[PDB]
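Next up: just one chain, as structure tokens, the form deposited in one PDB entry.
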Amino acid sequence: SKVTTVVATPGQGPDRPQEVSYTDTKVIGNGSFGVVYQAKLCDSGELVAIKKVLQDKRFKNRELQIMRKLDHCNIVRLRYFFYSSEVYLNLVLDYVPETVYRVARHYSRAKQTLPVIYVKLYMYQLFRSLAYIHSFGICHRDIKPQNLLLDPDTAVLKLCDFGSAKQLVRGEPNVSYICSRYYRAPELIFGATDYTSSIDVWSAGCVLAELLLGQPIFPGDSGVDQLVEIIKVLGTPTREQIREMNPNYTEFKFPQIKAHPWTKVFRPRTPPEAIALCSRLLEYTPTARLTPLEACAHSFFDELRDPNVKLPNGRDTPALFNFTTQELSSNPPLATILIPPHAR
């Protein structure tokens, strides 16, 4: 096995490069996110992911700029970055072996559903990572099961792939063509260019619904099919809601469809608190969607705040309450529900 040694800049510290040696280098992925390698750090034995992309001549790397800012337990951390041979930017990242996508698929093909305790744990930790990035005004713009990494032993979840992520500035236009099939907020389907970070929340509501249902709640390979499914559940959007999504669309015909009672969407066993949470995430009107911090404080996650909760393997839960002031900034009073007595 090759040992590769690079001079690399720590992700968030002061700009002081270090000689970093790594080995066991194999490709684990190859997509629009570029080539991703897994490797092992010679010093610590810790496994890392290395994401390598070609670095444009003219611009700054947006993903790097965003990742240098972030340090949170539910987001894959940028450990180091370095340049290599045309120039390549390499990001040395936390390695997390599983994904919500693969796990939901194991359960689905075994004709079982993910135990609700995992739904609570994973979704809670997704919402934390969202409260955190949204507090910088960063929108991920591609929340989907594949971007939710999991450790099966600790039940830690980390959000990954910040290749779409962008600081959203009010009044500054954003491309509508972000977000992946199944997970796109209706305003994106309509072509909104003035959407907010609440698209990440819609996407998370779709993930939650998917974990509860055992399949995507709004399937469709085209926006038209996706909208049909959304309307089957939410009912037809009002004139107001449509104009908000896209002002140029008020003229189009829209079948008058009645709302499907949210309880009937899901299986009979489904906790009513899970259903209530979905309904407050999957709202046509962006401002009517819960914030990630309010999602965390939702009663669906009450069980996680019980001092006696344990993982199915017997272990303690992962870190759920180490909220910072930055994390809490959107609504500091929520810290009362959020940080329970035993964790203070």
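Residues carry their position along the shown sequence, with the first being 1. The term rigid core refers to the maximal set of C-alpha atoms that superpose within 1.5 Å between the two forms.
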query	finding
Between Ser85 and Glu86 - deposited residues without coordinates, as a size class	4 to 9
Higher-B stretch (mean Cα B-factor, as the entry records it), 197 to 205 or 248 to 256	248 to 256
Stretch exceeding the other in mean C-alpha B-factor - 235 to 243, 145 to 153	235 to 243
Largest Cα B-factor, entry values, listed residues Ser180, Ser176, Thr270, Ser129	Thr270
Selection by C-alpha B-factor (highest) of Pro216, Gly223, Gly163, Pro261	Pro261
Lowest, middle or highest third - CA B-factor, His140	lowest
B-factor third for the C-alpha atom of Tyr107 within its chain	middle
B-factor third for the C-alpha atom of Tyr124 within its chain	lowest
Chain third (lowest, middle, highest) by recorded CA B-factor, residue given as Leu91	middle
B-factor third for the C-alpha atom of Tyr80 within its chain	middle
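FYI, the form deposited in another entry isn't displayed, but the following is about it.
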item: Only residue that shifts (Cα, 2 Å or more, rigid core superposed) between the shown form and the other one, among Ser135, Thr270, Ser176, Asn246; value: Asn246
item: After fitting the core, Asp225 CA displacement of 2 Å or more between the shown form and the other one; value: yes
